[PDB]
Amino acid sequence: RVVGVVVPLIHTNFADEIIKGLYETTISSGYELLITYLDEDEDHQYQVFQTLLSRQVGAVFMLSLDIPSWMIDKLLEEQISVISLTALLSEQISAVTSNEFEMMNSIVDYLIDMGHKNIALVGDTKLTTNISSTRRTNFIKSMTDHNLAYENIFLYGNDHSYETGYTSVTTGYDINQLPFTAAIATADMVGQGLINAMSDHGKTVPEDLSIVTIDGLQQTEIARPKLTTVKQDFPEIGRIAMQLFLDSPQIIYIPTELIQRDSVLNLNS
Amino acid sequence: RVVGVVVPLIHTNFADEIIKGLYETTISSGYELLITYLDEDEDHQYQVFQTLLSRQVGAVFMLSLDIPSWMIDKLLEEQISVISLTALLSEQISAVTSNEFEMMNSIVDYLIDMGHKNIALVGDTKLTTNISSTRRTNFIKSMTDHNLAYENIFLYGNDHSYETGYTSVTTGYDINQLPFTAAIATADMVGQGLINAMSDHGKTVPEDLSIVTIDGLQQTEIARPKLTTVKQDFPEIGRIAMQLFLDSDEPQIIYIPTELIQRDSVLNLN
Ligand SMILES: OC[C@H]1O[C@H](O)[C@H](O)[C@@H](O)[C@@H]1O
Ligand SMILES: OC[C@H]1O[C@H](O)[C@H](O)[C@@H](O)[C@@H]1O
Numbered sequence: 124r125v126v127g128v129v130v131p132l133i134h135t136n137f138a139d140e141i142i143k144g145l146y147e148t149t150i151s152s153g154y155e156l157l158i159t160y161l162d163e164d165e166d167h168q169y170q171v172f173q174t175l176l177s178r179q180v181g182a183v184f185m186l187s188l189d190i191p192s193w194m195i196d197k198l199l200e201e202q203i204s205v206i207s208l209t210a211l212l213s214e215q216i217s218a219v220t221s222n223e224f225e226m227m228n229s230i231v232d233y234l235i236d237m238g239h240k241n242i243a244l245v246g247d248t249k250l251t252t253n254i255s256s257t258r259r260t261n262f263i264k265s266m267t268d269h270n271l272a273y274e275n276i277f278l279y280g281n282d283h284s285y286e287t288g289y290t291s292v293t294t295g296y297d298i299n300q301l302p303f304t305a306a307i308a309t310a311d312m313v314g315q316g317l318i319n320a321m322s323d324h325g326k327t328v329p330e331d332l333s334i335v336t337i338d339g340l341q342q343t344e345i346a347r348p349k350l351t352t353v354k355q356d357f358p359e360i361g362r363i364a365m366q367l368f369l370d371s372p373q374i375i376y377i378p379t380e381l382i383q384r385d386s387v388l389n390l391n392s
Numbered sequence: 025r026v027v028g029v030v031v032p033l034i035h036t037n038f039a040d041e042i043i044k045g046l047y048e049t050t051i052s053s054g055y056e057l058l059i060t061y062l063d064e065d066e067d068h069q070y071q072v073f074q075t076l077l078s079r080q081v082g083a084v085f086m087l088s089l090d091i092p093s094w095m096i097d098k099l100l101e102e103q104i105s106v107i108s109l110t111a112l113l114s115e116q117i118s119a120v121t122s123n124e125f126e127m128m129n130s131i132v133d134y135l136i137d138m139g140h141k142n143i144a145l146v147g148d149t150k151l152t153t154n155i156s157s158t159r160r161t162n163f164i165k166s167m168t169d170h171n172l173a174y175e176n177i178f179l180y181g182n183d184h185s186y187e188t189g190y191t192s193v194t195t196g197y198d199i200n201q202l203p204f205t206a207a208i209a210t211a212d213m214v215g216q217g218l219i220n221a222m223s224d225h226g227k228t229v230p231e232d233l234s235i236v237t238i239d240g241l242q243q244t245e246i247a248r249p250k251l252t253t254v255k256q257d258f259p260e261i262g263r264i265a266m267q268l269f270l271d272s273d274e275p276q277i278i279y280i281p282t283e284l285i286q287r288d289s290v291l292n293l294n
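The listed protein sequences derive, respectively, from chains A and B.
Numbering of the first sequence is given in this note's numbering, commencing with residue 124 and proceeding in unit increments.
Numbering of the second sequence is given in this note's numbering, commencing with residue 25 and proceeding in unit increments.
Structure, rendered in structure tokens:
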């Protein structure tokens, strides 16, 4: 009675929170949890798969979004259950996730209510050949649904790192003449990068830039000012996913919450 | 051709860095890496052990200080190599670690050179029945080796959390009249807690409190002020532990060097 979890070698702190939930449910049901890491090297990825097959796992939980199709097919073809978390990896399998459009729309709704019109999405905003640009597309859809235009929509960045947040307002835009009043950060660390870049250049959040992040992990509480954030319930994603395996395709959505803290200015005030 | 790594459920981010090192050496030697978590429940611990020998691991790397003796013994008795990382778990096994006294002594030496005399250790400072209070003991030894006295030595905390750092100078001591001028934080997040507690109560680091942390991970770079820190080479610890296993067919301790990185969180009082 073993289940596997595949975690990217490069991941936000959210993996540990998902794993805490998976672990709670595996322990109480008589299963053990094996954790394995996945790099972007096809040959190493295959070695790993032989390690999932050869520990005769009953299920594999995927957190990545960057999993090769042959891995999912090979696992399913061995009668192993495959369930993806925080993303919809394949038509063929079930997923447990926060609802991406609802998260994004909750932020845009809020920032517009707070008087913002010119808004940036900062973090993982790139277009690629094989991976959906989920947040980029949802941001643009939500902004346009709220009757804002292309001229109000700003994008920056290739990943969820602190560095991307930091560079967005140093190399990306003119920190002394920012064309947006608010930034939606695709992960908490991007938000911290923004805070520090502003502070390091003698500016202050939220007076000089409002920020909202997605994930709502510890860093949003450690930041000064404390970051307004859409908090995901990562442990619940894990628990619900394991329970889905135990009870046996579909998509199950776990709700999120926009937590209002100290990083947004009311421009109507 | 598999090795296992046992990680505590409650861990600083040092584990990931060790795992990065382990992984690079396993990859290039044709081994695969199984990661398992360990909680405080003896019955769950035994299941984890059953998962380790049933997956026929050649070696098990231990990161915790809290592993039961019976697990180490049962693994060794199955002819599985056991090596501990960042801690010397048993006299029966090899270990790869930063040198704890050298780390602590380097920090105390620096703080005293910078004019500090009244110094706190904040973080995991508790005495227990079964786990050596390594940092507490080394702090005290170093302070007394430098001819300071018990009246100069302050302690606070039971763990390496942000909350322990934050609470140390708010509910542990009087934030308005701290009896120490510098705090040695046993983990980076403790240092972050200290910075925030000071900032939230109208004070500023380092003007009102100097801080040095142990570990030197990303939090020390994103903190403001940036934290002066003893940086451990966690990936090197991981690589060397795996290399020890690969090179083996008695038990040794291999010390991995550290370095004190001076940033923005210490004031010279002289
Ligand atoms: O951590 C930032 C993001 O990482 C991954 O893309 C997850 O799918 C997403 O839920 C998370 O917000
Ligand atoms: O992260 C704080 C401490 O945690 C663990 O106890 C490690 O053994 C130690 O090396 C580290 O400094």
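Cβ coordinates follow ideal geometry from the N, Cα and C atoms, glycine included.
Item, Value
"Where A/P329 sits in the DSSP three-state scheme", "coil"
"Backbone secondary structure at B/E274 - three-state DSSP", "coil"
"Of the listed residues A/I263, A/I195, A/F357 and A/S333, nearest to A/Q383 (C-alpha basis)", "A/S333"
"B/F38 versus B/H184, B/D133 and B/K250, residue with shortest Cα-Cα distance", "B/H184"
"When A/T309, A/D311, A/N241 and A/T293 are compared against A/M321, the one with the closest alpha-carbon", "A/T293"
"CB-CB length for A/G238 against A/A308, believed under 8 Å", "About 19 Å; that fails the 8 Å criterion."
"Residues that B/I107 bridges to, as DSSP identifies them", "B/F85 and B/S118"
"Cut-off 6 Å between Cβ atoms - residues of its own chain near B/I136, not counting five sequence neighbours on either side", "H170"
"Under 9 Å by beta carbon: chain A residues contacting B/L58", "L157, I158, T159, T174 and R178"
"Contact list for B/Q69 against chain A, beta-carbon separation under 8 Å", "Near B/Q69 there are no residues of chain A at all, since even the closest Cβ is about 11 Å away, more than 8 Å."
"Distance between B/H68 and A/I150 (C-alpha atoms, nearest Å)", "7 Å"
"Contact check, B/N176 vs B/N129, beta carbons under 8 Å", "no"
"Beta carbon proximity, A/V387 to chain B, threshold 8 Å", "no"
"Where B/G217 falls, given that 16 or more other Cβ within 10 Å makes a residue buried", "buried"
"Residues sharing a beta bridge with A/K354, DSSP", "A/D338 and A/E380"
"Cβ contact check for the region 267-279 of chain B and the region 243-259 of chain B: 3 or more pairs under 8 Å", "no"
"Same chain, Cβ closer than 6 Å to A/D162, five either side skipped, listed in chain order", "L132"
"Inter-residue Cα distance where the pair is B/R248 and B/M213", "13 Å"
"A/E147 versus A/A305 - alpha carbon distance", "38 Å"
"Between the CA atoms of B/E126 and B/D257 - distance to the nearest angstrom", "14 Å"
"A/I374 classed as buried or exposed, judged by whether at least 16 other C-beta atoms fall within 10 angstroms", "exposed"
"Beta-carbon proximity of A/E359 to A/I377, cut-off 8 Å", "yes"
"Whole alpha helix (DSSP H) elements within the region 285-325 of chain A, 4-residue minimum", "285-290 and 311-323"
"Near ligand 2: residue 296 of chain B beta-carbon under 7 Å from a heavy atom", "The question about residue 296 of chain B has no answer, for chain B in this structure spans 25 to 294."
"Check whether A/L381 and A/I230 have beta carbons under 8 Å apart", "yes"
"Interface residues of chain A facing B/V30 [CB-CB closer than 8 Å]", "In chain order: nothing, as chain A lies at least about 11 Å away."
"Where A/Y279 meets chain B, residues with beta-carbon distance less than 7 Å", "Correct list: empty, because the minimum Cβ distance to chain B is about 19 Å."
"Limits of the alpha helix (DSSP H) - the one that B/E124 falls within", "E124 to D137"
"Residues bridged to B/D148 (per DSSP)", "B/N182"
"Contacts that B/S223 makes with chain A (C-beta to C-beta distance below 8 Å)", "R347"
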